[PDB]
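> I'd like to ask some things about the structure below.
Counting neighbours? That spans all protein chains shown, and the Cβs are built from the backbone with ideal geometry, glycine included. A short reminder: the numbers here are calculations on the coordinates, not readings from a lab.
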């Protein structure tokens, strides 16, 4: 070994104190040390003061939920939100990300995840989220969200108007059981 | 009955509704003011050319205020009445309850044009005897509510050589606010400068009013930066 | 009332519904992981299994592209990582800018694999900073989630700032290593360039600032996360978003 060229940083050497230390042990020790120090310095060692979120990661900043769109009639009810896009060609359609944020709602949930994730995982592969396309705003589109504040009972129904004064259901999305989301694409 | 009075300069245009009785005087004032402006350029690029509609109205308002102040108004006060109408419209259309300093922060152009708008506004208020109403800024209200903690600081000479032009700008922009104070101060400082223990320091005098009125009579920087003068 | 009063201007903890606690920083929000990363280093992070083991341990690591001499070897390694890591986990690749011959085939290769759905989310450019045009090309064409730069000088830090300014909606990770780091390094002091440039760095909201100077424990890295490291130099605290 004395013949070989081994890379090493002069300051990091003093921390390399064990041969074949598992990568997880090294990094867990560092991260848990940071957690312990922050708990002491910012939370008085009280874990109840640490804010809780459904899941961690995603966007650097959460999008502000824009609730006012020109040409969209929105109605809120205890068990039901309805969103109706104008059929008038002179009115612009809502921007896609703002529209999907309004449908997702402010709370990180399966509904938020379904509409706001940029990718869906197929096996180990990344696929651009097709939900963003099928839920994209269209003229005369009508969206109904049942139980919008109860994720276990939340149902999203999307309706289109292929013929004057007749709505047809074209998408139904709901949670089945604890973790399975079923999205039904409906042919009329 | 109200008649339109259109004020136009190059690409800048606005219209006022003036009573038929005042329309003659308002037309005269407008024509004379337009004749006092430089010829309009495509980009409003001259320093003495207005760069925005609020600025054009402010300069017109300041022009009328000067006519009233110099005594060119008729025995009926027709100019003062036109000025009151234009000032009310300026506040309604452009200030919208805010202060003139807030408006000029959003206007285009060099600082001299912004100062012209401020000057014209306060001149118009002075000429119409329109006292300043107590109206706190957002910052003072935040301080009063305990949201903001304001401190204040005062300077020395430091690396500054142009402090007298700052005084000249103040005197030109806020004559109705600082005129008394500057005059009384100039008198005081001249008396002090004439004291037998101090006179030998003032080889070029301490005639602040003469220097303010006549820029060419201002002493050179070396004398202005002398402690007996600068302090 | 709403807009006139202008006020002049650190790590936190967050608990998930699963009970897991994370150190909350710009880096950890972006990655969905603790703000600790293993740097792309040849040959140590060339092996695909070491990269997979670190990712399985729950941390970020860069695959060192400098050890791959052809597209087949690199594709095989990335495919092995893809199958060995938890579903969803994104791969970050470290490339060496001073090797234009390698870059010429590595960049199109990464774009192709990403288009094929391989979970490549990050690119780290080491040994130099590209021009704004070249950086913009990588940002716009490769479909990445973040790009990372290892600047070696104050001017290189300024170049990264210019790239971030040109792409205000895109996450840019600035990995600052200085002369204390192992391997190829600069002659620069670790603290002085950051002290000089920190305000300019923090003016770009999309920059994630990562410290990399021969660290090895919690105690030597904690002052950098909290920003306490700058107080010994007479400066206000200057937090880092993570450590490498």
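> According to the Cα gyration tensor, what semi-axes, each the square root of 5 times an eigenvalue, does the equivalent ellipsoid of the stretch B:60-111 have, listed from largest to smallest in whole Å?
Output for the stretch B:60-111: semi-axes of 26, 13, 7 Å.
> Pop out the Kirkwood hydrodynamic radius of chain C from its pairwise C-alpha distances, inverse of mean 1/r, in Å to one decimal. Show your work: numbers first, answer last.
Numbers: mean 1/r = 0.0536 Å⁻¹.
This gives a value of 18.7 Å.
> Can you pull the one-decimal nm distance between simple spin-label points at residue A:180 and residue C:12, each 7 Å off the Cα toward Cβ?
Taking the two extended label points, one gets 3.8 nm.
> Once the Cα atoms of helix B:175-193 and of chain B are each reduced to a long axis, what angle between those two axes, in degrees from 0 to 90 to the nearest 10, is obtained?
20 degrees
> Let me ask you something else. Taking 2.2 N^0.38 Å as the expected size of a compact globular protein, what ratio does the Cα radius of gyration of the stretch B:1-63 give against it, to two decimals?
1.13
> Right, something else. Treat the count of other C-beta atoms within 10 Å as a stand-in for reagent exposure and order A:99, C:105, C:48 from fewest to most.
C:105, C:48, A:99
> Starting from the coordinates of the alpha-carbon atoms of the stretch C:1-67, obtain the Kirkwood hydrodynamic radius over all distinct pairs and give the value in Å to one decimal.
After inverting the mean inverse Cα-Cα distance, the result is 14.5 Å.
> Next question. Between the alpha-carbon centers of the stretch A:18-73 and the stretch B:186-231, tell me the distance in whole angstrom.
66 Å
> Follow-up question, since we're still on this one. Between the helical axis of A:23-43 and the dominant principal axis of chain A, each derived from Cα atoms, what acute angle in degrees is found, rounded to the nearest 10?
70 degrees
> Could you work out the relative contact order of the stretch A:23-129, using alpha carbon pairs under 8 angstrom and six or more residues apart, expressed as a whole percent?
Computed over the stretch A:23-129, the figure is 17 percent.
> Post the alpha-carbon centroid distance, the stretch C:133-169 to the stretch B:73-123, in whole angstrom.
Each part reduced to its Cα centre gives a spacing of 48 Å.
> Starting from a Cα-only point model with no solvent, please compute log10 I(q)/I(0) by Debye for the stretch A:57-117 at q = 0.14, 0.22, 0.29 1/Å.
Debye output, listed in q order: -0.44, -0.95, -1.32.
> Now for a separate question. Please report Rg over Rh for the stretch C:125-244, where both radii come from the alpha carbon positions and Rh follows the Kirkwood definition.
0.96
> Can you tell me the mean projection area, over all orientations, of the convex hull of the stretch A:38-188's alpha carbons? Units nm², please.
Numbers: hull surface 48.2 nm².
Taking the Cα atoms of the stretch A:38-188, their convex hull projects to 12.1 nm² on average.
> How much of the DSSP beta bridge set in the protein assembly as shown is antiparallel, as a percent to the nearest 5?
60 percent
> Taking only the C-alpha atoms, wrap a convex hull around the stretch B:138-231 and report its volume per residue in Å³ as a whole number.
Roughly 141 Å³ of hull volume per residue.
> Assuming a ≥ b ≥ c are the square roots of the Cα gyration tensor eigenvalues, decide whether the protein assembly as shown counts as rounded (a/c under 1.5), prolate (otherwise, with a/b larger than b/c) or oblate. Mind showing how you got there, number by number?
On the way: a/c = 2.63, a/b = 1.56, b/c = 1.68.
Because a/c hits 1.5 or more and a/b fails to exceed b/c, the protein assembly as shown counts as oblate.
> How far is helix B:78-90 tilted off the main Cα axis of chain B, in degrees rounded to 10, range 0 to 90?
Once rounded, one gets 90 degrees.
> Another question about this same structure. As a test of the definition: which semi-axes, in Å, follow for chain B when you take the square root of five times each eigenvalue of its alpha carbon gyration tensor? Largest first, please.
Equivalent-ellipsoid dimensions as semi-axes: 37, 23, 19 Å.
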